[PDB]
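Let me begin by presenting the structure, written as structure tokens, before commenting on it.
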Amino acid sequence: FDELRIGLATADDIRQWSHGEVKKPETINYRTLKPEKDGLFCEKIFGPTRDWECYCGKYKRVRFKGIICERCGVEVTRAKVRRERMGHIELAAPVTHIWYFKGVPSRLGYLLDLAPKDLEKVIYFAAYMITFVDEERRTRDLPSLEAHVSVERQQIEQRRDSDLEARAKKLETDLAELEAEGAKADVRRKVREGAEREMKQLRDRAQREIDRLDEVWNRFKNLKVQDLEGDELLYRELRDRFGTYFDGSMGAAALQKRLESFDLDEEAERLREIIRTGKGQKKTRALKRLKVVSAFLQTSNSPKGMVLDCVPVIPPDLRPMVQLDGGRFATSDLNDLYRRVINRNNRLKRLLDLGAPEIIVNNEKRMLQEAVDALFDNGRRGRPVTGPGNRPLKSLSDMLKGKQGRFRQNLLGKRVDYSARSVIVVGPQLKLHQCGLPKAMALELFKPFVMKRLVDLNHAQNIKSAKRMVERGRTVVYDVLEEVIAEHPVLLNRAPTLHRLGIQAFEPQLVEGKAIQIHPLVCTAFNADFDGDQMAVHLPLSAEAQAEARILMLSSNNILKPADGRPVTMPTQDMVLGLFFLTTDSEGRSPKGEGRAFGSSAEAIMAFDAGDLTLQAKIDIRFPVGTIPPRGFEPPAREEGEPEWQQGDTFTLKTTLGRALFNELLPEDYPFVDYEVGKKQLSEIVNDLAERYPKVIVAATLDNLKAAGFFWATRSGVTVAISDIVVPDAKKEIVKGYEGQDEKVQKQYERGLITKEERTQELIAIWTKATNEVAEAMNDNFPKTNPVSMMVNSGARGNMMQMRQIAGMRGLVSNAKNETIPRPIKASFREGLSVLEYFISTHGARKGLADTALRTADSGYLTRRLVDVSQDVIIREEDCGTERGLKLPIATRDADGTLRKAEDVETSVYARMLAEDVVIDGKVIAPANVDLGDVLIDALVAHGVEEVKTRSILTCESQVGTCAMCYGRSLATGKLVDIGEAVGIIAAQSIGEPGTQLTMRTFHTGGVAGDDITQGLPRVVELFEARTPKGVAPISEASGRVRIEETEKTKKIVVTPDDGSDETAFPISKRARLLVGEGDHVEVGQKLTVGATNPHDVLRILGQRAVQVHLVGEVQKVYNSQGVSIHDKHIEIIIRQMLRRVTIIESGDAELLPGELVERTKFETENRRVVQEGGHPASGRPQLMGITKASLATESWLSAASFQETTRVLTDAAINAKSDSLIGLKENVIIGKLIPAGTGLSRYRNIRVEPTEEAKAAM
Amino acid sequence: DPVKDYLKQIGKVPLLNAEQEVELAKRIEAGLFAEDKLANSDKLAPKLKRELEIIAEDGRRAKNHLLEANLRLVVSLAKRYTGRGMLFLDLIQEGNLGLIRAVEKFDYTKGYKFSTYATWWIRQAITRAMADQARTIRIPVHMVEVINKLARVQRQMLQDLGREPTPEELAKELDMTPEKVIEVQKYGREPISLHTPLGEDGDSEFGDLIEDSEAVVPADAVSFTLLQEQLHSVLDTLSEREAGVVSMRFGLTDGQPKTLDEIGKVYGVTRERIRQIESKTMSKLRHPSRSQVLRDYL
Amino acid sequence: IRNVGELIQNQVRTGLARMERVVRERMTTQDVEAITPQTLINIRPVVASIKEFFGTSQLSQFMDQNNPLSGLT
RNA sequence: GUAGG
Ligand SMILES: [Mg+2]
Ligand SMILES: [Zn+2]
Ligand SMILES: [Zn+2]
């Protein structure tokens, strides 16, 4: 497996594939239920239905294989051969391929210079086309035919003159005879009127025939190839008048002849000529035409494949006609389409053998065209073949496309054996690598291993008896099972699996019941609630799979979340409450027996058991040797006249008993801690432990913390009751005062003194003030010993707004369709809302719920798009070859006389790599290629450095992918990234994970549409697709004088650049709210008005660095609005991916097209090649494009087809003949090969393991 | 869409009356005699042959005149017969086929209009098509008319009685037996698509709910392999000669077993010797010693 | 809101319209004095449509008998 | 189709 080349399939190849030829619509007999002869399912073309059984029965046994019986001709082999072998249908009248036409012009390609309507009215038998003309022959005999037509006109005029003479004679004769007769007064006048009416009619037909002669003559003078003759009567007239110099035809046959006689080389030359000197949209049309023509010219495949001649058929088992119980049947819809095409072809053949009219045969050929097209894709034209009438018919194309297509449901996401699922319950007695599996689940997962073990232990006599015993389920089987499951990892997994912590390995363990048991600490990483959930439990089998689950996917080696390098496996619901209750300042209860001095902790717990002491009370505690003192206690020490090293010996402190216990939980080497732990400080110390200790110790301390936290949370005694939540007493007074004020304003509105809109505006203001005031009063009232304050302050669970609306008035509630009411709710959930208050609360509740469902759909889609563009990048080099870097500000917002580190230094420069060394006082402070943590950054800012040159991926120059040195250190491991890691996929997952969590929207439009910029997730996608912003603000082109022209029709902005450059004029809406002064100096980068900048022009005018920094800043400020933080490397990967391509301009010497997308690498190679050749390099400009366009444009067709849009890409790849090499990830996942990312990489696969000679000597 | 274009293709053509149609038929027979004379191997004058050819061409033109005229009638009949499984437009084409057949077999000798003669052949062609290409599992014509007669008479029974008639009653009105009744009732069903919604708007297909049977169960396959190995082991435990003769008799190396005397050619023994050693082999293998390991296999 | 009666009325109306089309066709292809009420009609459309509504129709749903409250709601 | 996530 080295490539998958694809090209246009000619008729000869289709014949080669065929092992026969279909000649009937028959499938099976109605009474014998066996396949018929020479139709569909025929044994003689596809293969025997039963293993080695020929249809007649001449051969029925297995021994005599590889022979054909002369009775029915069936070849005896395995029935599975039917699944492969294919036949082919013949066509009496050629038809055209639907896919390559009736679409965008990037696949049709304008090969023949005709509008789509022309083809649509030729290849459906509605007009004529002139396939070929003897144009030279027509000019050779021009004088002769001209003379003949002149003679024809001469005799026409002579005959007409004779007709005039006869008419005049008749008129005179009848007039004379009737006036002589005198039958009535004026008979002569009446007959003369009749005669002149007859003359008029004869003249009318005379001019009509003259017209027909002149028009057929000028049409003859208007002969050329590729001319449509809509009027069939006209074409017939041409044919009767003249033949043997022009040939015309209808339907796909004319196109087939035209392509056969086509000369793509001459067309390519002409198109190059017009591209050299051409203007307008004609240049774009000639560009597309050149693109498609070049494709045929470069590739050996001939264009005649556009119009097929034989229709391939599927092997029958891919379209099974399975038998169902009850006498019914079942068939895939492809059978019906094949039957229709076969029937229509047969009837056309029958009608062609007998002399038949042109009308009927043309109609039948049109029907055949309609049928074959449906087979390629039903419903691409007119109305879809409905078949039974309740639904369309699934065609061939429909199986390769969409959510349910073959690509995205059967090559990427497959089903798998050795798996299970069940509800989950929390298990606190486990460790960080243990999970409980029910007996039945474990038994059914490990059945082969249990059977092998049973036979080895002699409980079971044989494999069959072992199977019988395990199915019976006797106690010996369960004992063997309990023996066998251990030291074997199982991968637990949850359904959404947003990020790579979704699948985690555990060591199993038997347990009664039927619900999995899981470790609480890891629950928050999955996002696994226990309301009611379910978790898949996959089982690795091979040695490699279990080894991987041991080393990589273990639940104990995934402390740090890769989004931002912070701990994720230390949840806080019930345990942080216990720890906070432990290390809490006094007043948490009545501090009984405080201030004493105790010999050691042991005496403290004995006193506590005695009940005199309280866990919260400041007392003096000694510590035996080996207890490291507090970090800040290092300077202070005891009082002595001799040197004393309290870093490692006895020392007395003032602290609480609970602080002593908490410190006892932590490792002995860890210094003391004497503050509240809460949620942030606990995360900080966990981060410190994960940084500075091996993994097993970290896990052990996490488990001790879990146990102690649960126990002390139980001891805490937090509750909720009627008296636990008390409304502030001051609420009623203040709210009634504000009600009085509101009533006064309502009264003064009743007199019309104030407008309704204004009244609503001030009510909003006053009630916002009132709700803020009551919130402050409630916050002041509640002590810190109240159960709720404990669980909200500690960081366990809850936010103060929920408390505000539980105990304080809920207040302003948005009305429907993003409006605000003037009368806020004046009650709390404790007090109890009223009816209309409940209704107007529901107004917002339902909208909130709807939003969440929609958000999941949008975030999921975004995450999918992100991965596909970013999949290719992989760290494929240990260290870079270059030195260029990227400048970052180390410390910003530096107050007067001091230096302050930036608030978000953690997500900007931490974990990067310093490319060049730094010297501020003549000495190195941060050595090169050393990461940036708290200590180094603190020292650097203390020295007073303002900016640094951090190495980063954008400037990284690596021949293969991107080196590890530039990428910095990963976040989930806390160490430099190993070679071959998939940084693209983790980047995309990190970007996409919080998309659900964004869940923010403009609270009120404010009555103006288009002013407020898109916010939240839409903004992000609007960022990541290069989409021009909804509210766009033009940017200054360059320095100069800017002024406003307020034309009545529409506002207008005009800036004349300085230095005499050309004046530049931009438009602007009437509602501007501009800020730049009129007739004033402007700078290059400044924006003209409020809105949102368009990335394209910033790239065009400023530079790639400007758009890069603007993009990362914009997305990061969007994200951190709610509070989510991600590192900048994740975004930088994608932002680098966007700009990889380039727009070639002035493609003169490069010889390829101008103004089309080009990979940067191929641009550089072509430029080097052409400058080496002596020709100048074609120019180029950076071009920012969305993630989607970029993914579709990827070189490998197979990966592109696996993306959302399939038909266009497959068609373009087919016409271009692009062989896809299997380098990449999404290309190799479908083939089932090893992804070249990490353990699958080459250098990591070709080692040999040998025991040492001394080891073999040891024995 | 396409049927609209075909009706347009019909467009406006001159309808036929008695005098016009009989004159056309006269030209038809004139041309038929002309081409008959042309086909004769006897030498004919060149100008005479061209005269015969042009009158034959004029007769062909008259033919197409009749067909283009009566397209409207045949599509009317197609409407009468459509909606029963086949496509409407295909029925129209089949009616056109019946029309060309009938006009090939019409003459003015009949003292009536076209509409009474052609319509019989149009009805014939449509009925044949509807009986031949309607059902996926094709039924033959005799059984097809059996099905339709049963269906219509059963509908008449429902209309009259208003209840489901007893099988014997239907058998009597049909005069067949109840066995043939259930047979024909089962023969008249229709396939149900595997791509049906399965009653679910999305994510489901009736084609992904029924398990196959060709697939080899790994459990049974490995059990068979262990059976083969254990039997071969116990077979080797016995004498190599006894082993070989039993193996060739029961065909443990090839699919087809060999007869007794069939073994007495390669091994050069008698048809009764081979029987004797086979018998004592069955006696030994019947011993409980070399049976236990084979008991669970059955 | 269309209640049950209106939906059933709409479906039986569609069935009876199909019946009218069929009987009009038959009348156009039937001889006078061979015409009776019991012969001209055909009961297939009406029963076909009413059964095609009561099965395989979104508004026709499976009763949920978890408890009487499920039934009511 | 409707429930639970
Ligand atoms: Mg949940
Ligand atoms: Zn055979
Ligand atoms: Zn690098």
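Labels for the structure tokens follow display order: chains A, B, ..., residues from 1 in each chain, ligands from 1.
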For the interface of chain B with chain D (cut-off 9 Å, counting only C-alpha atoms (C1' of nucleotides)), please tabulate each contacting residue of chain B alongside its nearest pair of atoms and their separation in Å to one decimal, rows sorted by chain and increasing number, as a Markdown table.
| residue | atom | partner | partner_atom | distance |
| --- | --- | --- | --- | --- |
| B:199 | CA | D:1 | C1' | 6.6 |
| B:200 | CA | D:1 | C1' | 6.0 |
| B:201 | CA | D:1 | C1' | 7.4 |
Restricted to N, CA, C and O atoms, what would the selected residues look like written as a PDB file, in the first residue's frame?
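This is the output file part_12.pdb:
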ATOM      1  N   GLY B 199     -38.883   3.227  10.862  1.00  0.00           N
ATOM      2  CA  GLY B 199     -39.777   3.935  11.761  1.00  0.00           C
ATOM      3  C   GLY B 199     -39.067   5.065  12.464  1.00  0.00           C
ATOM      4  O   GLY B 199     -39.638   5.716  13.339  1.00  0.00           O
ATOM      5  N   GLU B 200     -37.818   5.307  12.090  1.00  0.00           N
ATOM      6  CA  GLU B 200     -37.043   6.359  12.723  1.00  0.00           C
ATOM      7  C   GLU B 200     -36.662   7.382  11.676  1.00  0.00           C
ATOM      8  O   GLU B 200     -36.187   7.026  10.601  1.00  0.00           O
ATOM      9  N   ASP B 201     -36.866   8.657  11.978  1.00  0.00           N
ATOM     10  CA  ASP B 201     -36.596   9.692  10.988  1.00  0.00           C
ATOM     11  C   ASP B 201     -35.130   9.716  10.588  1.00  0.00           C
ATOM     12  O   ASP B 201     -34.807   9.881   9.412  1.00  0.00           O
TER      13      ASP B 201
END
Spatial neighbours of region 37-40 of chain C, 9 Å, only C-alpha atoms (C1' of nucleotides), chain gap at least 4 places, as number ranges by chain: B: 159-160; C: 23, 26-27
Ligand 1 neighbours within 8 Å using only C-alpha atoms (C1' of nucleotides) and all ligand atoms, as number ranges by chain: A: 527-533; D: 5
Expected selection as a list in words for ligand 2 within 7 Å, only C-alpha atoms (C1' of nucleotides) and all ligand atoms: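 The distance check yields residues 54, 55, 56, 57, 58, 59, 69, 70, 71, 72, 73 and 74 of chain A.
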Please produce a file of the residues just selected, as a PDB file, in the first residue's frame, where the atoms kept are C-alpha atoms.
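Result file is again.pdb:
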ATOM      1  CA  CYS A  54     -22.773 -25.598  -8.970  1.00  0.00           C
ATOM      2  CA  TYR A  55     -26.279 -24.662 -10.121  1.00  0.00           C
ATOM      3  CA  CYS A  56     -27.108 -27.894 -11.992  1.00  0.00           C
ATOM      4  CA  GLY A  57     -25.585 -30.057  -9.265  1.00  0.00           C
ATOM      5  CA  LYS A  58     -22.913 -31.751 -11.384  1.00  0.00           C
ATOM      6  CA  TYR A  59     -20.406 -30.776  -8.721  1.00  0.00           C
ATOM      7  CA  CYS A  69     -19.210 -27.772 -15.174  1.00  0.00           C
ATOM      8  CA  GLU A  70     -20.332 -27.652 -18.796  1.00  0.00           C
ATOM      9  CA  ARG A  71     -24.021 -27.907 -17.867  1.00  0.00           C
ATOM     10  CA  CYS A  72     -24.470 -24.464 -16.275  1.00  0.00           C
ATOM     11  CA  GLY A  73     -20.899 -23.153 -16.504  1.00  0.00           C
ATOM     12  CA  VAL A  74     -20.679 -22.236 -12.814  1.00  0.00           C
TER      13      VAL A  74
END
At most 12 Å to chain D: residues in chain C, only C-alpha atoms (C1' of nucleotides), as a list in words: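 In the required form, that comes to residues 55, 56, 57, 58, 59, 60, 61, 62, 63 and 64 of chain C.
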Suppose we keep N, CA and C atoms; can you now write the selection as a CSV table (one decimal), in the first residue's frame?
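Final output, saved to selection-v7.csv:
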chain,number,residue,atom,x,y,z
C,55,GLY,N,-52.0,3.6,11.4
C,55,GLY,CA,-50.6,3.1,11.5
C,55,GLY,C,-49.7,3.8,10.6
C,56,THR,N,-48.5,4.0,11.1
C,56,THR,CA,-47.5,4.8,10.3
C,56,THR,C,-47.9,6.2,10.1
C,57,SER,N,-48.2,6.9,11.2
C,57,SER,CA,-48.5,8.3,11.2
C,57,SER,C,-48.0,8.9,12.5
C,58,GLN,N,-47.4,10.1,12.4
C,58,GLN,CA,-46.7,10.6,13.6
C,58,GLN,C,-47.7,11.0,14.7
C,59,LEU,N,-48.8,11.5,14.3
C,59,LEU,CA,-49.8,11.9,15.4
C,59,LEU,C,-50.5,10.7,16.0
C,60,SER,N,-50.3,9.5,15.4
C,60,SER,CA,-50.8,8.2,16.0
C,60,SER,C,-49.6,7.6,16.7
C,61,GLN,N,-49.7,7.6,18.1
C,61,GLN,CA,-48.5,7.2,18.9
C,61,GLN,C,-48.9,6.1,19.8
C,62,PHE,N,-47.9,5.5,20.4
C,62,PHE,CA,-48.1,4.3,21.3
C,62,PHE,C,-48.4,4.8,22.7
C,63,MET,N,-49.5,4.3,23.3
C,63,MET,CA,-49.9,4.6,24.6
C,63,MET,C,-48.8,4.3,25.6
C,64,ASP,N,-48.5,5.2,26.5
C,64,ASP,CA,-47.6,5.0,27.6
C,64,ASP,C,-48.4,4.8,28.9
Env. residues ligand 3 / 8 Å / only C-alpha atoms (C1' of nucleotides) and all ligand atoms / as number ranges by chain: A: 877, 879-882, 951-953, 955-958, 962-967
Proximal residues of chain A relative to chain B (only C-alpha atoms; 7 Å) as an MDAnalysis selection string: chainID A and resid 26:30 62:63 327:333 357 382 463:465
12 Å contacts from chain B to chain C using only C-alpha atoms, as an NGL selection string: :B and (76-77 or 79-81 or 151-152 or 154-162 or 197-201)
Secondary structure check, alpha helix (DSSP H) residues of region 6-62 of chain C, as a ChimeraX atom specification: /C:6-28,37-40,44-54
Pairwise distance for CA of residue 559 (chain A) and CA of residue 541 (chain A), rounded to one decimal in Å: 26.1 Å
Per-residue DSSP, region 525-722 of chain A, filtered to strand (DSSP E), as an NGL selection string: :A and (535-538 or 560-561 or 566-567 or 597-598 or 619-621 or 653-655)
File of the preceding selection, N, CA and C atoms, as a compact mmCIF listing (two decimals), in the first residue's frame:
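Listed below is the output, result_15.txt:
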# COMPACT_ATOMS: atom_id res chain seq x y z
N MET A 535 -21.20 4.36 30.69
CA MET A 535 -19.81 4.41 30.28
C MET A 535 -19.43 3.14 29.56
N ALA A 536 -18.81 3.29 28.39
CA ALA A 536 -18.29 2.14 27.66
C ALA A 536 -17.00 1.65 28.29
N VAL A 537 -16.79 0.34 28.22
CA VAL A 537 -15.63 -0.32 28.83
C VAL A 537 -15.00 -1.17 27.74
N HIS A 538 -14.05 -0.60 27.01
CA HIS A 538 -13.36 -1.37 25.98
C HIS A 538 -12.22 -2.17 26.59
N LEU A 560 -2.68 16.62 34.78
CA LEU A 560 -2.74 17.96 34.21
C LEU A 560 -3.58 17.98 32.93
N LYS A 561 -4.52 18.91 32.87
CA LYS A 561 -5.32 19.10 31.66
C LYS A 561 -4.47 19.80 30.60
N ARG A 566 -2.96 23.07 33.92
CA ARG A 566 -3.43 23.18 35.29
C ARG A 566 -4.03 21.85 35.73
N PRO A 567 -4.02 21.54 37.03
CA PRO A 567 -4.55 20.25 37.47
C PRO A 567 -6.05 20.16 37.24
N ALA A 597 -0.29 25.51 74.87
CA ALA A 597 0.87 24.96 74.18
C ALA A 597 0.90 23.46 74.41
N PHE A 598 1.08 22.70 73.33
CA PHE A 598 0.98 21.25 73.36
C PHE A 598 2.29 20.61 72.93
N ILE A 619 -3.15 27.49 68.87
CA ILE A 619 -2.38 26.92 69.96
C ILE A 619 -0.95 26.72 69.49
N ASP A 620 -0.05 26.51 70.44
CA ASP A 620 1.37 26.30 70.16
C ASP A 620 1.65 24.81 70.06
N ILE A 621 2.31 24.42 68.97
CA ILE A 621 2.58 23.02 68.65
C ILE A 621 4.07 22.87 68.38
N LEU A 653 5.57 26.24 66.61
CA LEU A 653 4.78 27.18 65.82
C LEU A 653 3.46 27.46 66.51
N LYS A 654 2.84 28.58 66.13
CA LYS A 654 1.48 28.90 66.52
C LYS A 654 0.56 28.59 65.34
N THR A 655 -0.34 27.63 65.53
CA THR A 655 -1.19 27.17 64.44
C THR A 655 -2.40 26.48 65.04
Spatial neighbours of residue 995 (chain A), 8 Å, only C-alpha atoms (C1' of nucleotides), chain gap at least 3 places, as a VMD selection string: chain A and resid 855 to 856 859 to 860 991 to 992 998 to 999 1017
Selection: 12 Å around residue 13 (chain C), only C-alpha atoms (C1' of nucleotides), excl. self and same-chain fewer than 4 positions, as a PyMOL selection string: chain C and resi 5-9+17-20+45-47+49-50
Could you write those residues out with N, CA and C atoms, as a PDB file, in the first residue's frame?
ATOM      1  N   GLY C   5     -61.080  14.349  15.869  1.00  0.00           N
ATOM      2  CA  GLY C   5     -62.147  14.273  14.889  1.00  0.00           C
ATOM      3  C   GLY C   5     -61.788  14.946  13.582  1.00  0.00           C
ATOM      4  N   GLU C   6     -61.177  16.127  13.652  1.00  0.00           N
ATOM      5  CA  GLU C   6     -60.829  16.841  12.431  1.00  0.00           C
ATOM      6  C   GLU C   6     -59.794  16.072  11.619  1.00  0.00           C
ATOM      7  N   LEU C   7     -58.811  15.462  12.285  1.00  0.00           N
ATOM      8  CA  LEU C   7     -57.803  14.700  11.555  1.00  0.00           C
ATOM      9  C   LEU C   7     -58.421  13.489  10.869  1.00  0.00           C
ATOM     10  N   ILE C   8     -59.254  12.742  11.595  1.00  0.00           N
ATOM     11  CA  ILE C   8     -59.887  11.574  10.993  1.00  0.00           C
ATOM     12  C   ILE C   8     -60.793  12.003   9.847  1.00  0.00           C
ATOM     13  N   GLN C   9     -61.478  13.136  10.006  1.00  0.00           N
ATOM     14  CA  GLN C   9     -62.328  13.647   8.940  1.00  0.00           C
ATOM     15  C   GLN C   9     -61.508  13.991   7.709  1.00  0.00           C
ATOM     16  N   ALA C  17     -62.416  11.149  -1.627  1.00  0.00           N
ATOM     17  CA  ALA C  17     -62.054  11.796  -2.885  1.00  0.00           C
ATOM     18  C   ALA C  17     -61.421  10.800  -3.846  1.00  0.00           C
ATOM     19  N   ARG C  18     -60.554   9.927  -3.331  1.00  0.00           N
ATOM     20  CA  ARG C  18     -60.028   8.848  -4.164  1.00  0.00           C
ATOM     21  C   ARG C  18     -61.162   7.969  -4.680  1.00  0.00           C
ATOM     22  N   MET C  19     -62.125   7.663  -3.809  1.00  0.00           N
ATOM     23  CA  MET C  19     -63.282   6.871  -4.212  1.00  0.00           C
ATOM     24  C   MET C  19     -64.068   7.576  -5.311  1.00  0.00           C
ATOM     25  N   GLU C  20     -64.245   8.892  -5.185  1.00  0.00           N
ATOM     26  CA  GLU C  20     -64.953   9.651  -6.209  1.00  0.00           C
ATOM     27  C   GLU C  20     -64.214   9.595  -7.537  1.00  0.00           C
ATOM     28  N   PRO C  45     -60.475   2.445  -1.035  1.00  0.00           N
ATOM     29  CA  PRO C  45     -59.874   3.711  -0.593  1.00  0.00           C
ATOM     30  C   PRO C  45     -60.130   4.077   0.860  1.00  0.00           C
ATOM     31  N   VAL C  46     -61.380   4.007   1.320  1.00  0.00           N
ATOM     32  CA  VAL C  46     -61.710   4.528   2.645  1.00  0.00           C
ATOM     33  C   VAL C  46     -61.012   3.718   3.734  1.00  0.00           C
ATOM     34  N   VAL C  47     -61.113   2.390   3.664  1.00  0.00           N
ATOM     35  CA  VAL C  47     -60.482   1.548   4.675  1.00  0.00           C
ATOM     36  C   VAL C  47     -58.968   1.648   4.571  1.00  0.00           C
ATOM     37  N   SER C  49     -57.187   4.232   3.627  1.00  0.00           N
ATOM     38  CA  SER C  49     -56.727   5.495   4.191  1.00  0.00           C
ATOM     39  C   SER C  49     -56.869   5.513   5.705  1.00  0.00           C
ATOM     40  N   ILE C  50     -57.980   4.998   6.239  1.00  0.00           N
ATOM     41  CA  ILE C  50     -58.157   5.067   7.685  1.00  0.00           C
ATOM     42  C   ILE C  50     -57.132   4.182   8.391  1.00  0.00           C
TER      43      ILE C  50
END
For CA of residue 270 (chain B) and CA of residue 252 (chain B), the interatomic separation in Å (one decimal): 20.9 Å
